[PDB]
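J.: Submitted below is the structure of interest, expressed as structure tokens.
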Protein chains: 2
Amino acid sequence: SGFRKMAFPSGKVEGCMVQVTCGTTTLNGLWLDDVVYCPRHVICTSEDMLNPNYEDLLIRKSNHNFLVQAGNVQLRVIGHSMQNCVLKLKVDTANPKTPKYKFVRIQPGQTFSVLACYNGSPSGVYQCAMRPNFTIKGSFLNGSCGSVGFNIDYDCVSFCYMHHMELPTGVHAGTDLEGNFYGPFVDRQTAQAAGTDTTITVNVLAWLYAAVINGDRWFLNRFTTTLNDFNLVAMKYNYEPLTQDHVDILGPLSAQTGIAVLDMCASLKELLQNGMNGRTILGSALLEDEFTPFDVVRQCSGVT
Amino acid sequence: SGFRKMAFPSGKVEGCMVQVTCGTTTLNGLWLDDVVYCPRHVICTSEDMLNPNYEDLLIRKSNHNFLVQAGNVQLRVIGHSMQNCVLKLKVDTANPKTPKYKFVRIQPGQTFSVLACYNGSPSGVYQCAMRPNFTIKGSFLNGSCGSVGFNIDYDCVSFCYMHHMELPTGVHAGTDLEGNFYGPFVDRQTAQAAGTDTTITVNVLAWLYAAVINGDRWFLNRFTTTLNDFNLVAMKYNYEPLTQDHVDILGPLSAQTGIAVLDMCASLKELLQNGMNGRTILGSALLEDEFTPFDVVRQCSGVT
Ligand SMILES: *[C@@](O)(C(=O)NCc1ccccn1)[C@@H](Cc1ccccc1)NC(=O)[C@H]1CC(F)(F)CN1C(=O)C1CCC(F)(F)CC1
Ligand SMILES: *[C@@](O)(C(=O)NCc1ccccn1)[C@@H](Cc1ccccc1)NC(=O)[C@H]1CC(F)(F)CN1C(=O)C1CCC(F)(F)CC1
Ligand SMILES: [Cl-]
Ligand SMILES: [Cl-]
Ligand SMILES: [Cl-]
Ligand SMILES: [Cl-]
């Protein structure tokens with residue numbers, strides 16, 4: 001029993017993390033087979049950051065401009081090319097520790113593990129959700145660009161996020177591993193800011209199921225609601241609409257607890273309308289929306 | 001910026017995790033050099049669990065009774081011995097991936113990362129605190145015994161916890177890597193239960209400093225207090241006493257924020273007496289006590 005924000009074991013990703021230096025700019029890259037993936041703004045100088053022409057900047061560079069370190073071992077760059085906001089650096093050595101992997105773009109509301117890295121050396125691992133406004137509430141400092149987010153399934157690492165920058169509210173923005181940004185952000189210096197966010201309803205419900213499995217039942221009630229009148233309450237409290245597919249995904253959790261989704265929706269409606277009235281759920285006094293139905297099943301027993 | 005419950009990268013520990021089978025009982029062990037460390041109750045049958053004589057049970061066993069699997073590779077047991085509640089199984093193969101390591105016992109109030117494991121295969125990683133009552137609020141299912149907790153410092157892994165069992169309130173108990181239990185618990189079936197717990201005051205204060213560094217200042221005030229009158233309030237709200245050494249450890253954080261510890265204590269006293277009045281700190285509506293002063297410094301910038 002118990003419930004924690006649990007990351008995937010990070011070893012398969014640690015053995016892919018390298019340092020990339022171009023000029024005085026230093027940051028992290030991801031080394032898979034004979035390619036190092038890193039944020040393209042490693043080739044930028046601070047002046048270039050207003051409106052750089054990344055294609056020009058790259059033509060003016062050569063292989064020996066790029067310094068790639070895997071621990072202490074130098075890796076020699078034998079090629080360079082750019083895909084969207086990612087630079088691809090081909091190196092002389094294929095990574096012997098390359099895991100089975102995929103580049104997958106994730107959806108708002110889904111979770112992933114983050115390996116915070118500095119100077120190519122991993123620092124910490126933690127769990128994140130892609131917010132509905134395509135930011136992540138991460139934990140990142142200067143030099144973390146190039147750190148990646150990922151999920152692991154049957155020893156295959158699905159990379160979904162590469163870190164690029166921090167927005168003024170302190171939330172974080174980045175790209176998938178094809179270099180395409182999540183959300184309406186650009187890798188240059190503007191006044192860009194996160195749009196308005198919403199709460200991930202299906203995840204709050206999954207979390208309530210987790211609590212029932214772990215013995216929190218005080219928020220439960222005998223009422224049931226319609227999917228339409230629940231959604232109508234959701235709009236008032238800035239919660240994402242709940243779909244029939246969401247109801248279907250919660251199916252396994254409702255089956256294990258014996259509480260049908262729509263009954264659980266009645267509980268959520270009461271918790272939004274009346275607050276938590278001095279009680280806590282799974283050690284939190286706020287409704288938690290960063291656990292997917294999948295995360296709950298993976299961590300909770302199949303019993304109770 | 002940002003603040004998350006961040007674990008250490010788990011790779012160095014993943015490469016030490018093995019499966020140990022004795023009879024029908026299967027659980028995890030830790031493979032360092034040519035020794036596999038695992039909970040001694042792997043030799044138990046369900047009957048033996050009332051009051052086993054572990055020394056007798058072990059004499060009646062032989063090396064070929066022990067099945068140790070490192071992934072797919074069999075490891076042959078060439079010796080067995082017992083230290084307190086841990087069994088030490090000497091195997092034919094020294095672990096090539098053994099990291100630099102130490103066995104250290106931690107103090108109540110300190111944190112560590114946990115690598116949840118099942119059948120020798122790592123499942124997840126998360127951060128825990130040793131509670132003042134020597135339990136941990138972990139996330140563990142049947143088959144997690146043998147999973148370890150650890151900290152990493154300059155590539156050296158300090159193992160501090162091996163998981164053994166779950167207590168009736170759903171909290172978790174285990175030993176250090178010398179097999180000595182944390183807290184007044186035994187590896188047998190009794191009515192044992194966690195004693196009463198308290199909140200880790202120095203960690204709450206560290207966390208408030210983290211929030212100030214991340215821009216939460218609403219809880220601040222102009223008042224200062226004496227260490228004696230703060231401690232006197234702490235007793236009323238079931239908070240651990242604050243020592244002058246605690247004040248000294250918070251020094252770096254007070255220096256970076258410019259808020260002296262005792263002023264911060266005045267803030268904590270107000271937050272205990274008046275609640276949080278509908279506001280949140282670092283995304284929590286409760287005072288968080290599972291970040292040490294060290295954890296805050298490691299994750300927060302040195303600026304602001
Ligand atoms: C890198 O972009 C990075 O660490 N980004 C993530 C981040 C930064 C701050 C807080 C949380 N996450 C490095 C790359 C770099 C550039 C120059 C010298 C060394 C490293 N960027 C930074 O550390 C900061 C500081 C800076 F150098 F002034 C520039 N910077 C940025 O984050 C910029 C934001 C906008 C951009 F287009 F993404 C380019 C980088
Ligand atoms: C192991 O002890 C374990 O997983 N402990 C941690 C745990 C259990 C439940 C919830 C959270 N954490 C395995 C060892 C085992 C024993 C027999 C068969 C297979 C594996 N123990 C268990 O999975 C559970 C179920 C059990 F098998 F009935 C016995 N058990 C225990 O946890 C016992 C608690 C008291 C003890 F002295 F520690 C012995 C194990
Ligand atoms: Cl690819
Ligand atoms: Cl499960
Ligand atoms: Cl040792
Ligand atoms: Cl730091």
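Letters A, B, ... mark the chains of the structure tokens in the order given; residue numbers begin at 1 per chain; ligand numbers begin at 1, in order shown.
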Counting only C-alpha atoms and all ligand atoms, what residues are within 9 Å of ligand 6, given as a PyMOL selection string?

T.: (chain A and resi 141) or (chain B and resi 296-303)

J.: Give the residues of chain A that lie within 6 Å of chain B; count only C-alpha atoms, and format the answer as a list in words.

T.: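 Selected residues: residues 1, 2, 3, 6, 7, 8, 9, 10, 11, 124, 125, 126, 138, 139, 140, 141, 170 and 285 of chain A.
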
J.: Could you please extract the residues within 9 Å of ligand 2, counting only C-alpha atoms and all ligand atoms, and hand them back as a PyMOL selection string?

T.: (chain A and resi 1-2) or (chain B and resi 21+24-28+39+41-42+44-46+49-50+118+138-147+163-167+170-174+186-190)

J.: For the selection just defined, write its residues with C-alpha atoms to a file, as a PDB file, in the first residue's frame.

T.:
ATOM      1  CA  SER A   1       0.000   0.000   0.000  1.00  0.00           C
ATOM      2  CA  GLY A   2       0.926   3.657  -0.084  1.00  0.00           C
TER       3      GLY A   2
ATOM      4  CA  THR B  21      14.402 -17.706  -4.362  1.00  0.00           C
ATOM      5  CA  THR B  24       8.418 -21.045  -2.927  1.00  0.00           C
ATOM      6  CA  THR B  25       9.452 -17.729  -1.294  1.00  0.00           C
ATOM      7  CA  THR B  26      10.821 -15.173  -3.785  1.00  0.00           C
ATOM      8  CA  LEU B  27      12.119 -11.670  -3.097  1.00  0.00           C
ATOM      9  CA  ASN B  28      14.837  -9.182  -4.017  1.00  0.00           C
ATOM     10  CA  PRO B  39      15.996 -10.296   3.988  1.00  0.00           C
ATOM     11  CA  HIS B  41      12.929 -14.371   6.049  1.00  0.00           C
ATOM     12  CA  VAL B  42      13.393 -15.697   2.480  1.00  0.00           C
ATOM     13  CA  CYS B  44      11.116 -19.017   6.155  1.00  0.00           C
ATOM     14  CA  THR B  45       8.067 -21.080   5.406  1.00  0.00           C
ATOM     15  CA  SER B  46       4.710 -19.550   6.292  1.00  0.00           C
ATOM     16  CA  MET B  49       6.608 -17.060  10.899  1.00  0.00           C
ATOM     17  CA  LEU B  50       5.120 -17.093  14.412  1.00  0.00           C
ATOM     18  CA  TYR B 118       9.781  -6.942  -7.771  1.00  0.00           C
ATOM     19  CA  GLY B 138       6.617   4.290   1.201  1.00  0.00           C
ATOM     20  CA  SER B 139       4.841   2.721  -1.752  1.00  0.00           C
ATOM     21  CA  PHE B 140       5.311  -1.053  -1.615  1.00  0.00           C
ATOM     22  CA  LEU B 141       3.362  -4.171  -2.617  1.00  0.00           C
ATOM     23  CA  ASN B 142       3.741  -7.905  -2.030  1.00  0.00           C
ATOM     24  CA  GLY B 143       7.168  -8.948  -3.280  1.00  0.00           C
ATOM     25  CA  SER B 144       8.970  -5.640  -2.592  1.00  0.00           C
ATOM     26  CA  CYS B 145      10.954  -7.002   0.353  1.00  0.00           C
ATOM     27  CA  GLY B 146      14.634  -6.616  -0.425  1.00  0.00           C
ATOM     28  CA  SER B 147      14.170  -3.242  -2.173  1.00  0.00           C
ATOM     29  CA  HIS B 163      12.528  -3.060   2.892  1.00  0.00           C
ATOM     30  CA  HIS B 164      10.978  -5.858   5.007  1.00  0.00           C
ATOM     31  CA  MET B 165       7.272  -5.366   5.698  1.00  0.00           C
ATOM     32  CA  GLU B 166       4.179  -3.193   5.865  1.00  0.00           C
ATOM     33  CA  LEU B 167       2.575  -2.180   9.164  1.00  0.00           C
ATOM     34  CA  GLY B 170       0.063   1.124   5.730  1.00  0.00           C
ATOM     35  CA  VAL B 171       3.462   2.544   6.665  1.00  0.00           C
ATOM     36  CA  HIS B 172       6.606   0.508   6.098  1.00  0.00           C
ATOM     37  CA  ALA B 173       9.414  -0.961   8.171  1.00  0.00           C
ATOM     38  CA  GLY B 174      12.847  -2.293   7.393  1.00  0.00           C
ATOM     39  CA  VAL B 186      10.701  -7.577  14.273  1.00  0.00           C
ATOM     40  CA  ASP B 187      10.660  -9.758  11.162  1.00  0.00           C
ATOM     41  CA  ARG B 188       7.863 -12.012  12.365  1.00  0.00           C
ATOM     42  CA  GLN B 189       4.076 -11.926  12.620  1.00  0.00           C
ATOM     43  CA  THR B 190       2.893  -9.991  15.676  1.00  0.00           C
TER      44      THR B 190
END

J.: Using backbone DSSP assignments, extract all alpha helix (DSSP H) residues from segment 53-263 of chain B; output them as an NGL selection string.

T.: :B and (54-59 or 201-214 or 227-236 or 244-257 or 261-263)

J.: Go ahead and save the residues from that selection, with C-alpha atoms, as a PDB file, in the first residue's frame.

T.:
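File produced: out.pdb:
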ATOM      1  CA  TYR B  54      16.425 -18.262  12.265  1.00  0.00           C
ATOM      2  CA  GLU B  55      19.685 -19.896  13.329  1.00  0.00           C
ATOM      3  CA  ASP B  56      18.141 -23.405  13.228  1.00  0.00           C
ATOM      4  CA  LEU B  57      16.357 -22.700   9.949  1.00  0.00           C
ATOM      5  CA  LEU B  58      19.664 -21.661   8.401  1.00  0.00           C
ATOM      6  CA  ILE B  59      21.663 -24.683   9.576  1.00  0.00           C
ATOM      7  CA  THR B 201      10.425  20.894  12.273  1.00  0.00           C
ATOM      8  CA  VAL B 202      13.804  21.622  10.707  1.00  0.00           C
ATOM      9  CA  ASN B 203      12.503  20.195   7.402  1.00  0.00           C
ATOM     10  CA  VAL B 204       9.340  22.337   7.435  1.00  0.00           C
ATOM     11  CA  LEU B 205      11.566  25.395   7.904  1.00  0.00           C
ATOM     12  CA  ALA B 206      13.903  24.305   5.087  1.00  0.00           C
ATOM     13  CA  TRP B 207      10.836  23.945   2.892  1.00  0.00           C
ATOM     14  CA  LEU B 208       9.627  27.473   3.719  1.00  0.00           C
ATOM     15  CA  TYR B 209      13.067  28.727   2.692  1.00  0.00           C
ATOM     16  CA  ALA B 210      12.628  26.809  -0.574  1.00  0.00           C
ATOM     17  CA  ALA B 211       9.342  28.644  -1.146  1.00  0.00           C
ATOM     18  CA  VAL B 212      10.896  32.053  -0.472  1.00  0.00           C
ATOM     19  CA  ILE B 213      13.619  31.188  -3.005  1.00  0.00           C
ATOM     20  CA  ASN B 214      10.853  30.235  -5.448  1.00  0.00           C
ATOM     21  CA  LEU B 227      14.223  29.627  20.220  1.00  0.00           C
ATOM     22  CA  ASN B 228      12.572  28.840  23.562  1.00  0.00           C
ATOM     23  CA  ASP B 229       9.159  30.299  22.805  1.00  0.00           C
ATOM     24  CA  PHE B 230       9.134  28.744  19.332  1.00  0.00           C
ATOM     25  CA  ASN B 231       9.922  25.307  20.804  1.00  0.00           C
ATOM     26  CA  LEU B 232       7.109  25.882  23.284  1.00  0.00           C
ATOM     27  CA  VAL B 233       4.603  26.368  20.447  1.00  0.00           C
ATOM     28  CA  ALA B 234       6.097  23.356  18.640  1.00  0.00           C
ATOM     29  CA  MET B 235       5.135  21.053  21.514  1.00  0.00           C
ATOM     30  CA  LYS B 236       1.486  22.113  21.201  1.00  0.00           C
ATOM     31  CA  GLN B 244      20.791  25.328  17.853  1.00  0.00           C
ATOM     32  CA  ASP B 245      22.444  22.849  15.479  1.00  0.00           C
ATOM     33  CA  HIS B 246      19.279  22.976  13.358  1.00  0.00           C
ATOM     34  CA  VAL B 247      19.539  26.776  13.309  1.00  0.00           C
ATOM     35  CA  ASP B 248      23.168  26.402  12.216  1.00  0.00           C
ATOM     36  CA  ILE B 249      22.295  24.012   9.377  1.00  0.00           C
ATOM     37  CA  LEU B 250      19.617  26.401   8.101  1.00  0.00           C
ATOM     38  CA  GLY B 251      22.302  29.138   8.048  1.00  0.00           C
ATOM     39  CA  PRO B 252      23.067  28.883   4.324  1.00  0.00           C
ATOM     40  CA  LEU B 253      19.371  29.156   3.450  1.00  0.00           C
ATOM     41  CA  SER B 254      18.786  32.136   5.760  1.00  0.00           C
ATOM     42  CA  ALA B 255      21.879  33.781   4.271  1.00  0.00           C
ATOM     43  CA  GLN B 256      20.596  33.351   0.713  1.00  0.00           C
ATOM     44  CA  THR B 257      17.093  34.645   1.533  1.00  0.00           C
ATOM     45  CA  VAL B 261      15.920  31.435  11.137  1.00  0.00           C
ATOM     46  CA  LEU B 262      14.140  32.910  14.136  1.00  0.00           C
ATOM     47  CA  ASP B 263      12.130  35.245  11.903  1.00  0.00           C
TER      48      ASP B 263
END

J.: May I have the residues within 9 Å of ligand 5, computed using only C-alpha atoms and all ligand atoms, as an NGL selection string?

T.: :B and (32 or 101-103 or 177-178)

J.: Using only C-alpha atoms and all ligand atoms, pick whichever of A:71, A:168, A:79, A:258 has the shortest atom-to-atom distance to ligand 1.

T.: A:168

J.: Restricting the calculation to only C-alpha atoms, which member of B:119, B:63, B:96, B:34 is positioned closest to residue 20 of chain B?

T.: B:119

J.: May I have the residues within 10 Å of residue 104 of chain B as a PyMOL selection string, using only C-alpha atoms and disregarding those fewer than 2 positions away in the same chain?

T.: chain B and resi 101-102+106-107+150-151+157-161+176-178

J.: Take the residues just selected and output them with N, CA, C and O atoms as an mmCIF file, in the first residue's frame.

T.:
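File written: out_14.cif
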data_model
loop_
_atom_site.group_PDB
_atom_site.id
_atom_site.type_symbol
_atom_site.label_atom_id
_atom_site.label_comp_id
_atom_site.auth_asym_id
_atom_site.auth_seq_id
_atom_site.Cartn_x
_atom_site.Cartn_y
_atom_site.Cartn_z
ATOM 1 N N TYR B 101 30.564 2.044 -2.725
ATOM 2 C CA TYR B 101 29.407 2.053 -1.841
ATOM 3 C C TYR B 101 29.809 2.043 -0.374
ATOM 4 O O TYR B 101 30.950 1.734 -0.007
ATOM 5 N N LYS B 102 28.820 2.367 0.456
ATOM 6 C CA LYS B 102 28.927 2.395 1.905
ATOM 7 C C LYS B 102 27.609 1.907 2.473
ATOM 8 O O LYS B 102 26.562 2.079 1.848
ATOM 9 N N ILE B 106 20.840 5.832 8.652
ATOM 10 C CA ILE B 106 20.353 7.203 8.699
ATOM 11 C C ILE B 106 19.565 7.458 9.973
ATOM 12 O O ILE B 106 19.131 6.542 10.678
ATOM 13 N N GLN B 107 19.375 8.736 10.270
ATOM 14 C CA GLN B 107 18.668 9.354 11.375
ATOM 15 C C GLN B 107 17.236 9.683 10.973
ATOM 16 O O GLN B 107 16.981 10.047 9.820
ATOM 17 N N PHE B 150 18.712 4.556 -0.425
ATOM 18 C CA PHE B 150 20.095 4.965 -0.642
ATOM 19 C C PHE B 150 20.170 6.471 -0.870
ATOM 20 O O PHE B 150 19.196 7.112 -1.282
ATOM 21 N N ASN B 151 21.360 7.021 -0.621
ATOM 22 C CA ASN B 151 21.736 8.326 -1.132
ATOM 23 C C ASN B 151 23.019 8.182 -1.943
ATOM 24 O O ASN B 151 23.775 7.223 -1.783
ATOM 25 N N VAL B 157 27.511 5.287 -3.450
ATOM 26 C CA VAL B 157 26.150 4.958 -3.043
ATOM 27 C C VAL B 157 26.156 4.561 -1.568
ATOM 28 O O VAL B 157 26.727 3.534 -1.201
ATOM 29 N N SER B 158 25.488 5.348 -0.729
ATOM 30 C CA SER B 158 25.306 5.023 0.686
ATOM 31 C C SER B 158 23.960 4.331 0.865
ATOM 32 O O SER B 158 22.920 4.990 0.936
ATOM 33 N N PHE B 159 23.985 3.000 0.956
ATOM 34 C CA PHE B 159 22.763 2.246 1.207
ATOM 35 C C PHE B 159 22.353 2.405 2.659
ATOM 36 O O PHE B 159 23.166 2.215 3.569
ATOM 37 N N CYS B 160 21.088 2.759 2.890
ATOM 38 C CA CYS B 160 20.644 2.971 4.255
ATOM 39 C C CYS B 160 19.416 2.175 4.650
ATOM 40 O O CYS B 160 19.085 2.156 5.833
ATOM 41 N N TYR B 161 18.720 1.539 3.713
ATOM 42 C CA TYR B 161 17.450 0.917 4.050
ATOM 43 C C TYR B 161 17.288 -0.296 3.163
ATOM 44 O O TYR B 161 17.624 -0.237 1.977
ATOM 45 N N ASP B 176 18.616 -1.443 8.330
ATOM 46 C CA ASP B 176 19.774 -0.959 7.597
ATOM 47 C C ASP B 176 20.400 -2.162 6.892
ATOM 48 O O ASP B 176 19.843 -3.263 6.899
ATOM 49 N N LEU B 177 21.538 -1.959 6.227
ATOM 50 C CA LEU B 177 22.111 -3.065 5.466
ATOM 51 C C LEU B 177 22.945 -3.990 6.332
ATOM 52 O O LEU B 177 23.504 -4.961 5.807
ATOM 53 N N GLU B 178 23.068 -3.692 7.617
ATOM 54 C CA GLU B 178 23.584 -4.640 8.599
ATOM 55 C C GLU B 178 22.482 -5.482 9.211
ATOM 56 O O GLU B 178 22.751 -6.253 10.142
#

J.: Could you tell me, as a compact mmCIF listing (two decimals) with N, CA and C atoms, in the first residue's frame, which residues of segment 46-202 of chain A DSSP assigns to strand (DSSP E) when given the backbone?

T.:
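This went into selection_26.txt:
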# COMPACT_ATOMS: atom_id res chain seq x y z
N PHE A 66 32.44 21.51 -32.14
CA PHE A 66 31.56 20.82 -31.20
C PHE A 66 32.38 19.92 -30.28
N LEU A 67 32.24 20.12 -28.98
CA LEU A 67 32.94 19.34 -27.97
C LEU A 67 31.93 18.45 -27.25
N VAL A 68 32.08 17.14 -27.39
CA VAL A 68 31.13 16.18 -26.83
C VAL A 68 31.88 15.24 -25.90
N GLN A 69 31.47 15.21 -24.63
CA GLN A 69 32.15 14.44 -23.59
C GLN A 69 31.16 13.45 -22.98
N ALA A 70 31.52 12.17 -23.02
CA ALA A 70 30.76 11.10 -22.37
C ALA A 70 31.55 10.72 -21.12
N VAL A 73 35.55 10.51 -21.54
CA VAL A 73 35.90 10.19 -22.91
C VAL A 73 35.41 11.27 -23.86
N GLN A 74 36.33 11.80 -24.66
CA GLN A 74 35.96 12.63 -25.80
C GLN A 74 35.25 11.81 -26.85
N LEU A 75 34.23 12.40 -27.46
CA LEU A 75 33.60 11.84 -28.65
C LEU A 75 33.76 12.84 -29.78
N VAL A 77 32.99 14.59 -33.23
CA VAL A 77 31.84 14.86 -34.10
C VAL A 77 32.27 14.71 -35.55
N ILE A 78 31.64 13.78 -36.26
CA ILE A 78 31.93 13.53 -37.67
C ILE A 78 30.80 14.00 -38.57
N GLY A 79 29.80 14.67 -38.01
CA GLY A 79 28.69 15.19 -38.79
C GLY A 79 27.76 16.02 -37.94
N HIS A 80 27.07 16.98 -38.55
CA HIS A 80 26.08 17.76 -37.83
C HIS A 80 24.94 18.10 -38.77
N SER A 81 23.74 18.14 -38.20
CA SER A 81 22.53 18.49 -38.94
C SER A 81 21.49 18.91 -37.92
N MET A 82 20.43 19.54 -38.40
CA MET A 82 19.46 20.14 -37.51
C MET A 82 18.07 19.61 -37.86
N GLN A 83 17.31 19.20 -36.84
CA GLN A 83 15.91 18.86 -37.05
C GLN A 83 15.07 19.73 -36.13
N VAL A 86 16.09 20.82 -32.49
CA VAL A 86 17.13 19.91 -32.03
C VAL A 86 18.26 19.88 -33.05
N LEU A 87 19.49 19.84 -32.54
CA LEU A 87 20.68 19.57 -33.33
C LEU A 87 21.03 18.09 -33.22
N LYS A 88 21.35 17.48 -34.35
CA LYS A 88 21.82 16.10 -34.40
C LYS A 88 23.30 16.08 -34.76
N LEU A 89 24.13 15.59 -33.82
CA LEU A 89 25.58 15.52 -33.95
C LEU A 89 25.97 14.06 -34.11
N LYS A 90 26.46 13.69 -35.29
CA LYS A 90 26.90 12.33 -35.53
C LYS A 90 28.33 12.20 -35.00
N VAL A 91 28.60 11.15 -34.21
CA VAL A 91 29.89 10.99 -33.55
C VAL A 91 30.54 9.68 -33.99
N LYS A 100 16.92 -0.02 -26.01
CA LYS A 100 15.84 -0.02 -26.98
C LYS A 100 15.02 1.24 -26.77
N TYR A 101 14.71 1.97 -27.85
CA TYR A 101 14.08 3.26 -27.61
C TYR A 101 13.14 3.66 -28.74
N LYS A 102 12.31 4.65 -28.43
CA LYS A 102 11.35 5.25 -29.34
C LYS A 102 11.29 6.73 -29.04
N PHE A 103 11.01 7.53 -30.08
CA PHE A 103 10.68 8.95 -29.92
C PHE A 103 9.17 9.06 -30.06
N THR A 111 1.84 11.68 -18.11
CA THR A 111 2.98 11.87 -17.23
C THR A 111 4.23 11.26 -17.83
N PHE A 112 5.37 11.69 -17.30
CA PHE A 112 6.67 11.17 -17.69
C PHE A 112 7.67 11.44 -16.58
N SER A 113 8.74 10.66 -16.58
CA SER A 113 9.85 10.90 -15.67
C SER A 113 10.86 11.85 -16.30
N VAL A 114 11.50 12.66 -15.45
CA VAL A 114 12.49 13.63 -15.88
C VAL A 114 13.82 13.30 -15.23
N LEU A 115 14.89 13.26 -16.03
CA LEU A 115 16.24 13.10 -15.49
C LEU A 115 16.92 14.46 -15.60
N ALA A 116 16.88 15.22 -14.51
CA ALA A 116 17.59 16.49 -14.46
C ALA A 116 19.08 16.23 -14.57
N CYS A 117 19.73 16.97 -15.47
CA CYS A 117 21.15 16.78 -15.76
C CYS A 117 21.84 18.13 -15.88
N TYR A 118 23.11 18.15 -15.45
CA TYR A 118 23.95 19.33 -15.55
C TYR A 118 25.34 18.88 -15.99
N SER A 121 26.05 15.31 -16.49
CA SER A 121 26.06 14.40 -15.36
C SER A 121 24.69 14.41 -14.67
N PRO A 122 23.99 13.27 -14.61
CA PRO A 122 22.64 13.27 -14.04
C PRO A 122 22.63 13.71 -12.59
N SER A 123 21.62 14.51 -12.22
CA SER A 123 21.49 15.07 -10.88
C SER A 123 20.31 14.53 -10.08
N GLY A 124 19.18 14.28 -10.73
CA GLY A 124 18.00 13.81 -10.00
C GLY A 124 16.95 13.30 -10.96
N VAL A 125 15.98 12.57 -10.41
CA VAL A 125 14.88 12.04 -11.22
C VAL A 125 13.56 12.30 -10.51
N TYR A 126 12.54 12.72 -11.27
CA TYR A 126 11.24 13.04 -10.70
C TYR A 126 10.15 12.89 -11.77
N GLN A 127 8.90 12.87 -11.31
CA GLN A 127 7.75 12.64 -12.17
C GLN A 127 7.05 13.97 -12.48
N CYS A 128 6.66 14.16 -13.75
CA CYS A 128 5.96 15.34 -14.26
C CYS A 128 4.71 14.96 -15.05
N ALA A 129 3.80 15.92 -15.15
CA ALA A 129 2.70 15.84 -16.10
C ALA A 129 2.86 16.94 -17.14
N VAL A 148 16.14 15.16 -20.42
CA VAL A 148 15.04 14.52 -21.14
C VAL A 148 14.01 13.93 -20.19
N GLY A 149 12.80 13.80 -20.73
CA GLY A 149 11.72 13.10 -20.07
C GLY A 149 11.35 11.90 -20.92
N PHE A 150 10.83 10.87 -20.25
CA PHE A 150 10.72 9.54 -20.84
C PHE A 150 9.73 8.70 -20.04
N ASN A 151 9.20 7.67 -20.70
CA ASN A 151 8.57 6.55 -20.03
C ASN A 151 9.26 5.26 -20.46
N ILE A 152 9.16 4.24 -19.62
CA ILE A 152 9.76 2.94 -19.92
C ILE A 152 8.65 1.89 -19.90
N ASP A 153 8.66 1.03 -20.92
CA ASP A 153 7.64 -0.05 -21.04
C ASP A 153 8.34 -1.28 -21.62
N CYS A 156 11.79 -0.82 -23.06
CA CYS A 156 11.90 0.15 -24.15
C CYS A 156 11.68 1.56 -23.60
N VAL A 157 12.61 2.46 -23.89
CA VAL A 157 12.54 3.83 -23.39
C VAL A 157 11.87 4.71 -24.45
N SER A 158 10.70 5.26 -24.13
CA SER A 158 10.01 6.21 -25.00
C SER A 158 10.37 7.63 -24.56
N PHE A 159 11.31 8.25 -25.26
CA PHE A 159 11.67 9.64 -24.96
C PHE A 159 10.58 10.56 -25.47
N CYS A 160 10.11 11.47 -24.61
CA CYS A 160 9.04 12.35 -25.02
C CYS A 160 9.33 13.83 -24.83
N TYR A 161 10.39 14.20 -24.13
CA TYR A 161 10.59 15.60 -23.79
C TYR A 161 12.08 15.85 -23.74
N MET A 162 12.51 16.99 -24.28
CA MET A 162 13.85 17.53 -24.06
C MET A 162 13.68 18.95 -23.55
N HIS A 163 14.34 19.26 -22.42
CA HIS A 163 14.15 20.56 -21.77
C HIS A 163 14.88 21.68 -22.53
N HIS A 164 14.22 22.83 -22.68
CA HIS A 164 14.82 24.00 -23.33
C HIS A 164 14.87 25.24 -22.45
N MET A 165 13.82 25.59 -21.71
CA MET A 165 13.84 26.91 -21.08
C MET A 165 12.79 27.00 -19.99
N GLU A 166 12.89 28.06 -19.20
CA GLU A 166 11.97 28.34 -18.12
C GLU A 166 11.16 29.58 -18.45
N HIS A 172 8.04 25.34 -17.20
CA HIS A 172 9.12 24.94 -18.09
C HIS A 172 8.58 24.53 -19.45
N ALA A 173 9.38 24.77 -20.48
CA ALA A 173 8.98 24.47 -21.85
C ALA A 173 10.09 23.70 -22.55
N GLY A 174 9.68 22.87 -23.50
CA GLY A 174 10.64 22.11 -24.27
C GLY A 174 9.98 21.50 -25.48
N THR A 175 10.72 20.60 -26.12
CA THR A 175 10.30 19.97 -27.36
C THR A 175 10.21 18.47 -27.18

J.: Determine, counting only C-alpha atoms, which protein, DNA and RNA residues have an atom within 9 Å of an atom of residue 238 of chain B; residues of the same chain fewer than 5 positions away are not included. Present the result as a CSV table (one decimal) with N, CA and C atoms, in the first residue's frame.

T.:
chain,number,residue,atom,x,y,z
B,197,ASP,N,3.7,9.5,15.8
B,197,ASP,CA,4.7,10.3,15.0
B,197,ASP,C,4.6,11.8,15.4
B,198,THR,N,5.7,12.5,14.9
B,198,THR,CA,5.7,13.9,15.1
B,198,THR,C,6.2,14.5,13.7
B,199,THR,N,6.1,15.8,13.6
B,199,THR,CA,6.5,16.5,12.4
B,199,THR,C,7.9,17.0,12.5
B,233,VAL,N,5.7,26.5,21.4
B,233,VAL,CA,4.6,26.4,20.4
B,233,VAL,C,4.7,25.0,19.7
